[PDB]
>>> print(open('run.csv').read())   # CSV, C-alpha atoms
chain,number,residue,atom,x,y,z
I,111,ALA,CA,22.9,-63.7,2.9
I,112,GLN,CA,22.3,-59.9,2.9
I,113,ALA,CA,24.1,-59.7,-0.4
I,114,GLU,CA,21.9,-62.4,-1.9
I,115,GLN,CA,18.8,-60.7,-0.6
I,116,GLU,CA,20.0,-57.4,-2.1
I,117,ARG,CA,20.6,-59.2,-5.4
I,118,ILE,CA,17.1,-60.6,-5.3
I,119,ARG,CA,15.7,-57.1,-4.5
I,120,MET,CA,17.7,-55.6,-7.4
I,121,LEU,CA,16.4,-58.2,-9.8
I,122,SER,CA,12.9,-57.5,-8.7
I,123,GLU,CA,13.4,-53.8,-9.1
I,124,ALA,CA,14.9,-54.3,-12.6
I,125,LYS,CA,11.9,-56.4,-13.6
I,126,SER,CA,9.6,-53.7,-12.3
I,127,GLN,CA,11.5,-51.0,-14.3
I,128,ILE,CA,11.3,-53.2,-17.4
I,129,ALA,CA,7.6,-53.6,-17.0
I,130,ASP,CA,7.1,-49.8,-16.5
I,131,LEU,CA,9.2,-49.1,-19.6
I,132,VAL,CA,7.3,-51.6,-21.6
I,133,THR,CA,4.0,-50.0,-20.5
I,134,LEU,CA,5.2,-46.6,-21.4
I,135,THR,CA,6.4,-47.8,-24.9
I,136,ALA,CA,3.0,-49.6,-25.4
I,137,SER,CA,1.2,-46.4,-24.4
I,138,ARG,CA,3.2,-44.3,-26.9
I,139,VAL,CA,2.6,-46.9,-29.7
I,140,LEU,CA,-1.1,-47.0,-28.9
I,141,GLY,CA,-1.2,-43.2,-28.9
I,142,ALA,CA,0.5,-43.0,-32.3
I,143,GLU,CA,-1.9,-45.7,-33.7
I,144,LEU,CA,-4.9,-43.8,-32.4
I,145,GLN,CA,-3.6,-40.5,-33.9
I,146,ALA,CA,-3.1,-42.3,-37.3
I,147,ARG,CA,-6.2,-44.5,-37.5
I,148,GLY,CA,-8.6,-42.4,-35.4
I,149,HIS,CA,-10.4,-43.1,-32.2
I,150,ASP,CA,-13.8,-43.1,-34.0
I,151,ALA,CA,-13.5,-46.9,-34.6
I,152,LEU,CA,-13.8,-47.4,-30.8
I,153,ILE,CA,-17.2,-45.7,-30.7
I,154,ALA,CA,-18.9,-48.9,-31.9
I,155,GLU,CA,-17.7,-50.4,-28.6
I,156,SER,CA,-20.1,-48.1,-26.7
I,157,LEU,CA,-23.0,-50.5,-27.3
I,158,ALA,CA,-21.2,-53.5,-25.7
I,159,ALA,CA,-22.9,-52.9,-22.4
I,160,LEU,CA,-24.6,-49.4,-22.5
Y,111,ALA,CA,27.5,-55.5,-13.6
Y,112,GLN,CA,24.8,-58.2,-14.1
Y,113,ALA,CA,22.1,-55.5,-14.0
Y,114,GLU,CA,23.9,-53.4,-16.5
Y,115,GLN,CA,24.3,-56.4,-18.8
Y,116,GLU,CA,20.6,-57.2,-18.5
Y,117,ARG,CA,19.7,-53.6,-19.3
Y,118,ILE,CA,22.0,-53.7,-22.3
Y,119,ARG,CA,20.4,-56.9,-23.5
Y,120,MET,CA,16.9,-55.5,-23.0
Y,121,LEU,CA,17.8,-52.2,-24.8
Y,122,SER,CA,17.5,-54.0,-28.1
Y,123,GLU,CA,14.0,-53.7,-29.5
Y,124,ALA,CA,13.8,-57.2,-31.2
Y,125,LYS,CA,14.8,-58.8,-27.9
Y,126,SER,CA,12.3,-57.3,-25.4
Y,127,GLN,CA,10.9,-53.9,-26.3
Y,128,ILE,CA,9.6,-54.5,-29.9
Y,129,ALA,CA,8.1,-58.0,-29.2
Y,130,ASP,CA,6.4,-56.9,-25.9
Y,131,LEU,CA,5.1,-53.7,-27.5
Y,132,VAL,CA,3.6,-55.7,-30.4
Y,133,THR,CA,2.1,-58.2,-28.1
Y,134,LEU,CA,0.5,-55.5,-26.0
Y,135,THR,CA,-0.8,-53.7,-29.0
Y,136,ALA,CA,-2.3,-56.9,-30.5
Y,137,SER,CA,-3.8,-58.7,-27.5
Y,138,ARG,CA,-4.4,-55.7,-25.1
Y,139,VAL,CA,-4.6,-52.4,-27.0
Y,140,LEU,CA,-6.8,-53.9,-29.8
Y,141,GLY,CA,-8.9,-57.0,-30.4
Y,142,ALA,CA,-6.1,-59.1,-31.9
Y,143,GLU,CA,-5.5,-56.4,-34.5
Y,144,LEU,CA,-2.0,-54.9,-34.0
Y,145,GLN,CA,-1.9,-53.3,-37.4
Y,146,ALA,CA,-4.9,-51.0,-36.9
Y,147,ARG,CA,-4.4,-48.5,-39.8
Y,148,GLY,CA,-0.6,-47.9,-39.5
Y,149,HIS,CA,1.8,-47.9,-36.6
Y,150,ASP,CA,4.5,-49.5,-38.8
Y,151,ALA,CA,6.9,-46.7,-38.0
Y,152,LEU,CA,5.9,-46.5,-34.3
Y,153,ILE,CA,6.8,-50.2,-33.9
Y,154,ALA,CA,10.5,-49.4,-34.4
Y,155,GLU,CA,11.1,-45.6,-34.1
Y,156,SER,CA,9.1,-45.2,-30.9
Y,157,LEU,CA,10.7,-48.2,-29.3
Y,158,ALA,CA,14.1,-46.4,-29.1
Y,159,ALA,CA,16.3,-48.3,-26.6
B,8,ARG,CA,-56.9,-32.3,-11.6
B,9,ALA,CA,-57.2,-31.6,-15.3
B,10,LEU,CA,-57.7,-27.9,-14.8
B,11,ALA,CA,-54.8,-27.8,-12.3
B,12,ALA,CA,-52.5,-29.7,-14.8
B,13,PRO,CA,-53.1,-27.2,-17.6
B,14,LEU,CA,-52.8,-24.3,-15.1
B,15,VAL,CA,-49.5,-25.7,-13.7
B,16,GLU,CA,-48.1,-26.3,-17.2
B,17,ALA,CA,-49.1,-22.8,-18.3
B,18,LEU,CA,-47.6,-21.2,-15.1
B,19,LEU,CA,-44.4,-23.3,-15.7
B,20,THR,CA,-44.1,-22.2,-19.3
B,21,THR,CA,-44.7,-18.5,-18.3
B,22,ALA,CA,-42.0,-18.8,-15.6
B,23,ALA,CA,-39.6,-20.3,-18.1
B,24,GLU,CA,-40.3,-17.6,-20.6
B,25,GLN,CA,-39.8,-14.9,-18.0
B,26,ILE,CA,-36.6,-16.4,-16.7
B,27,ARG,CA,-35.2,-16.9,-20.2
B,28,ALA,CA,-36.2,-13.4,-21.2
B,29,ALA,CA,-35.3,-11.6,-18.0
B,30,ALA,CA,-32.4,-13.8,-16.7
B,31,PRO,CA,-29.8,-11.5,-18.2
B,32,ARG,CA,-31.9,-8.4,-17.4
B,33,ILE,CA,-30.8,-8.4,-13.7
B,34,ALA,CA,-27.8,-10.7,-14.3
B,35,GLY,CA,-24.8,-9.7,-12.2
B,36,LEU,CA,-26.3,-6.3,-11.5
B,37,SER,CA,-26.5,-5.8,-7.7
B,38,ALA,CA,-29.7,-5.2,-5.7
B,39,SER,CA,-29.6,-1.4,-6.4
B,40,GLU,CA,-28.1,-2.0,-9.9
B,41,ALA,CA,-30.5,-4.6,-11.1
B,42,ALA,CA,-33.5,-2.9,-9.5
B,43,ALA,CA,-33.8,-0.6,-12.6
B,44,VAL,CA,-32.8,-3.5,-14.8
B,45,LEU,CA,-35.7,-5.5,-13.4
B,46,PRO,CA,-38.3,-5.1,-16.1
B,47,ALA,CA,-42.1,-5.8,-16.2
B,48,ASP,CA,-41.3,-9.1,-18.0
B,49,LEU,CA,-42.2,-11.2,-14.9
B,50,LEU,CA,-45.1,-12.0,-12.6
B,51,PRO,CA,-45.0,-10.2,-9.2
B,52,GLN,CA,-43.9,-13.4,-7.6
B,53,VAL,CA,-41.5,-13.9,-10.4
B,54,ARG,CA,-40.3,-10.3,-10.2
B,55,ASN,CA,-39.8,-10.8,-6.4
B,56,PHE,CA,-37.8,-14.0,-7.0
B,57,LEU,CA,-35.7,-12.3,-9.6
B,58,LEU,CA,-35.0,-9.4,-7.3
B,59,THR,CA,-34.0,-11.8,-4.5
B,60,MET,CA,-31.7,-13.7,-6.9
B,61,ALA,CA,-30.1,-10.5,-8.2
B,62,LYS,CA,-29.8,-8.9,-4.8
B,63,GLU,CA,-26.5,-10.8,-4.4
B,64,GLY,CA,-25.8,-10.7,-8.2
B,65,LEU,CA,-25.9,-14.5,-8.9
B,66,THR,CA,-28.5,-14.1,-11.6
B,67,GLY,CA,-26.4,-16.0,-14.2
B,68,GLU,CA,-27.9,-19.5,-14.0
B,69,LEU,CA,-31.4,-18.3,-14.1
B,70,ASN,CA,-31.8,-20.0,-17.5
B,71,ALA,CA,-31.1,-23.2,-15.7
B,72,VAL,CA,-34.0,-22.1,-13.4
B,73,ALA,CA,-35.9,-21.7,-16.7
B,74,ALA,CA,-34.8,-25.2,-17.5
B,75,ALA,CA,-36.0,-26.1,-14.0
B,76,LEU,CA,-39.4,-24.5,-14.8
B,77,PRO,CA,-40.5,-27.0,-17.5
B,78,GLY,CA,-39.2,-30.1,-15.9
B,79,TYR,CA,-41.0,-29.2,-12.6
B,80,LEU,CA,-44.1,-29.4,-14.8
B,81,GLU,CA,-43.5,-33.2,-15.2
B,82,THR,CA,-41.7,-33.7,-11.8
B,83,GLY,CA,-38.3,-33.5,-13.5
B,84,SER,CA,-36.2,-36.6,-13.2
B,85,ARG,CA,-35.4,-36.5,-16.9
B,86,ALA,CA,-32.0,-34.9,-16.3
B,87,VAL,CA,-30.2,-38.3,-16.5
B,88,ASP,CA,-27.1,-36.2,-16.9
B,89,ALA,CA,-24.5,-38.5,-18.6
B,90,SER,CA,-20.9,-37.5,-19.4
B,91,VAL,CA,-18.9,-39.0,-22.3
B,92,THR,CA,-15.1,-38.7,-22.5
B,93,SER,CA,-13.1,-39.8,-25.5
B,94,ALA,CA,-9.5,-39.2,-26.5
B,95,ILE,CA,-10.2,-37.6,-29.9
B,96,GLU,CA,-12.5,-34.6,-30.2
B,97,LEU,CA,-15.9,-36.0,-31.1
B,98,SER,CA,-17.2,-35.2,-34.6
B,99,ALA,CA,-20.7,-34.0,-34.7
B,100,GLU,CA,-22.0,-37.0,-36.6
B,101,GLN,CA,-20.6,-39.6,-34.2
B,102,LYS,CA,-21.5,-37.3,-31.3
B,103,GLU,CA,-25.1,-37.4,-32.3
B,104,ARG,CA,-24.9,-41.1,-33.1
B,105,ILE,CA,-23.7,-41.9,-29.5
B,106,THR,CA,-26.2,-39.4,-28.1
B,107,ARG,CA,-28.9,-41.3,-29.8
B,108,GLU,CA,-27.3,-44.6,-28.9
B,109,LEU,CA,-27.7,-44.1,-25.1
B,110,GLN,CA,-31.4,-44.3,-25.4
B,111,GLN,CA,-31.7,-47.2,-23.1
B,112,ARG,CA,-32.3,-44.9,-20.1
B,113,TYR,CA,-34.2,-41.7,-21.3
B,114,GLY,CA,-32.8,-41.2,-24.8
B,115,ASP,CA,-30.6,-38.2,-25.6
B,116,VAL,CA,-29.8,-37.6,-21.9
B,117,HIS,CA,-28.0,-34.4,-20.7
B,118,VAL,CA,-24.5,-35.2,-22.1
B,119,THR,CA,-21.5,-33.0,-21.6
B,120,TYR,CA,-18.9,-34.5,-24.0
B,121,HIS,CA,-15.3,-34.1,-22.8
B,122,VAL,CA,-12.0,-35.0,-24.3
B,123,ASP,CA,-9.2,-35.5,-21.7
B,124,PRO,CA,-6.7,-36.5,-24.3
B,125,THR,CA,-4.7,-38.4,-21.7
B,126,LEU,CA,-7.1,-41.3,-22.7
B,127,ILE,CA,-6.2,-43.4,-25.7
B,128,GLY,CA,-9.0,-44.2,-28.1
B,129,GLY,CA,-11.8,-45.1,-25.7
B,130,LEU,CA,-15.1,-44.2,-24.1
B,131,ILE,CA,-15.8,-43.1,-20.5
B,132,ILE,CA,-19.6,-42.9,-20.2
B,133,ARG,CA,-20.9,-41.9,-16.8
B,134,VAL,CA,-24.7,-42.1,-16.5
B,135,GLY,CA,-25.9,-40.9,-13.1
B,136,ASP,CA,-23.5,-42.7,-10.8
B,137,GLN,CA,-22.7,-45.7,-13.0
B,138,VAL,CA,-19.5,-45.3,-15.1
B,139,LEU,CA,-18.6,-47.5,-18.0
B,140,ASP,CA,-14.9,-47.4,-19.0
B,141,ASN,CA,-13.7,-49.2,-22.1
B,142,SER,CA,-10.9,-46.7,-22.6
B,143,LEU,CA,-7.6,-48.2,-23.6
B,144,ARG,CA,-6.0,-46.4,-20.7
B,145,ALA,CA,-8.1,-48.7,-18.5
B,146,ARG,CA,-6.9,-51.7,-20.4
B,147,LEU,CA,-3.4,-50.2,-20.1
B,148,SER,CA,-3.6,-50.3,-16.4
B,149,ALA,CA,-5.3,-53.7,-16.5
B,150,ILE,CA,-2.3,-55.1,-18.4
B,151,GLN,CA,0.3,-53.0,-16.5
B,152,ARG,CA,-0.9,-54.8,-13.3
B,153,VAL,CA,1.9,-57.3,-14.2
B,154,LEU,CA,4.2,-54.8,-12.3
>>> encode(input="run.csv", output="structure tokens")
Amino acid sequence: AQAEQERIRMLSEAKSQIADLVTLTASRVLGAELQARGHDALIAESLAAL
Amino acid sequence: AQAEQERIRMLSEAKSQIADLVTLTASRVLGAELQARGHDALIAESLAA
Amino acid sequence: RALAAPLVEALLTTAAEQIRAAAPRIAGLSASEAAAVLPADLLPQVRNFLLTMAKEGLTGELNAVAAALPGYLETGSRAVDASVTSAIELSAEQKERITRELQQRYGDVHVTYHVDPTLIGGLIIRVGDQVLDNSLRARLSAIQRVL
């Protein structure tokens, strides 16, 4: 039972690490896209609520 | 061993990394506009493993 | 009433002019050092206040006191200090465009544009104590919650 619980914990930790790596990769891709296109296009979103 | 196999499978971009990154860029990072004005090279090169 | 209003406004303008002119006069200079630096470019009350400020040497933000002089004419409250933060350094045209755009409150409010390039392609606009955050870093965390 302890081995099964450890396996479940390891699976959860692996899923968490995969999510963190995916978030880091998405952040890097978004940063590259912002550097290429330019953040100025987001300025129009300032009037959504303000 | 199972965790190592899962990590090896997820290391491929087309399996997990590239698809998840593209989905995040399209739905989350932008308003359903993943292309923006480039990021073609960042889809693959920045994915790495 | 009317006579007081013109008098108050004239006094405020004179004080602002004196502070702007003589702010750097006794700036930093200590009580003994700025005593000679203290010129006749102030009213006796204004000269006394400048001497008190420069006795310790903190006569650097006197221009802000000058900026405090005109607003006190109209009871101030027009500060509406807002702060805009975007990942890319703001170009002057778009900076002015968004300065004009936040006219819902008081118009071109006191805006201290910042960068903080840790953000990705978004706006963090803090007006008073209300902050609006459409930065893609915020969306990043709001998607990363899946963890």
>>> closest_atom_pairs(input="run.csv", of="chain Y", to="chain I", cutoff="6 Å", atoms="only C-alpha atoms", output="CSV")
residue,atom,partner,partner_atom,distance
Y:131,CA,I:136,CA,5.1
Y:147,CA,I:147,CA,5.0
Y:149,CA,I:143,CA,5.2
Y:152,CA,I:139,CA,5.7
>>> closest_residue(input="run.csv", among="B:95, B:73, B:116, B:49", to="chain I", atoms="all atoms listed in the file")
B:95
>>> residues_near_point(input="run.csv", point="(-19.8, -37.5, -21.3)", cutoff="12 Å", atoms="all atoms listed in the file", output="ChimeraX atom specification")
/I:156 /B:87-94,96-97,102,105-106,109,115-123,129-135,138-140
>>> atom_distance(input="run.csv", atom1="CA of residue 34 (chain B)", atom2="CA of residue 61 (chain B)")
6.5 Å
>>> closest_residue(input="run.csv", among="B:69, B:58, B:9, B:43", to="residue 25 (chain B)", atoms="all atoms listed in the file")
B:69
>>> atom_distance(input="run.csv", atom1="CA of residue 36 (chain B)", atom2="CA of residue 75 (chain B)")
22.2 Å
>>> atom_distance(input="run.csv", atom1="CA of residue 24 (chain B)", atom2="CA of residue 114 (chain B)")
25.1 Å
